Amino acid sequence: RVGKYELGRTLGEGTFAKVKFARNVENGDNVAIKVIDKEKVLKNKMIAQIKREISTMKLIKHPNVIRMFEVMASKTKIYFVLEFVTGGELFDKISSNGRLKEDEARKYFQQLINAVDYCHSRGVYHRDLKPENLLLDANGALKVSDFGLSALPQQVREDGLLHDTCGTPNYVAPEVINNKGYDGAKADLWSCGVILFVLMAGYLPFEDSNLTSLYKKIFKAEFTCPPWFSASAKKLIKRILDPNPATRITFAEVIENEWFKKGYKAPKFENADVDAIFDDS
């Protein structure tokens, strides 16, 4: 046993991190418990940011963000307890049934933008948003995974789980491909825009069998919207997928956008020590 949590099967076991299924004995909620090497994260250059973002994600409750229930530590380990959802991955709808209708795409896009924008407002940037982070609960609501956790060092992100993405480079903004540092908000917004493209088209905007030509297209944002895209959706997508992060549209501008505001009901919800986030207890 571990905490108020009863353990189930091992989901993955990487070298410095591992993930177990569990349930909360007090309420029966499904969770996953990630156990990671403590010194690997303590030694890391960006530890103060890690501590800050993780401490923040503990506090955040947004209806469209995966909950981080607990964060505890041993002398050698850090434990994370994360909400486990049962509706699968959002992109499964495309694998099984092709592109989504515009209204269903816009709905998920609204949940996504609001959740991402909310985390940004609390100083937390994903920086590696991929379709595999777009999960669905029993009722079909979007739950975005890995905010905060994505800030951990690579060797601890290798946690024994299968992580592949169809069309990986598509979701990474040109400035993230090419540069060491970058703006987190603009990098996340690029990812969201590609996600929206795929939901509405059923296929990736950037492709080429030739890798040099593929990355050339990404850096110029050379892509083509299919004919079923509306004029207003195409125009918003082209502003989001601006290959220059200096001129790329802002989240605030996306939220004010006429296409975006269609059927848009901002969700009503409420959300009302850092250095000691990983010490023993």
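We number the residues from 1 along the sequence you see.
Novice: Comparing 116 to 124 with 195 to 203, which stretch shows the greater average C-alpha B-factor in the deposited entry?
Specialist: Per the PDB entry, the higher value belongs to 116 to 124.
Novice: 251 to 259 versus 223 to 231: which one carries the higher mean Cα B factor per the record?
Specialist: Comparing averages over the C-alpha atoms only gives 251 to 259.
Novice: Reading the B-factor column of the entry, which of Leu42, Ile54, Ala246, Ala32 has the highest value at its C-alpha atom?
Specialist: Of the candidates given, the C-alpha B-factor peaks at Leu42.
Novice: Within this chain's modelled residues, let me know which third the CA B factor of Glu102 belongs to: lowest, middle or highest.
Specialist: For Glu102, the deposited C-alpha B-factor lands in the highest third.
Novice: Which third, lowest, middle or highest, does the CA B-factor of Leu59 fall in along this chain?
Specialist: Its C-alpha B-factor, which the entry lists for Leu59, ranks in the highest third among residues of this chain.
Novice: By its CA B factor, does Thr86 count among the lowest, middle or highest third of the modelled residues in the chain?
Specialist: Middle third by C-alpha B-factor.
Novice: Name the third of the chain's ranked CA B-factors that contains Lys130, choosing lowest, middle or highest.
Specialist: It belongs to the lowest third of the chain when residues are ordered by C-alpha B-factor.
Novice: Taking only the Cα B-factors deposited for this chain, tell me whether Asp164 sits in the lowest, middle or highest third.
Specialist: Top third by C-alpha B-factor.
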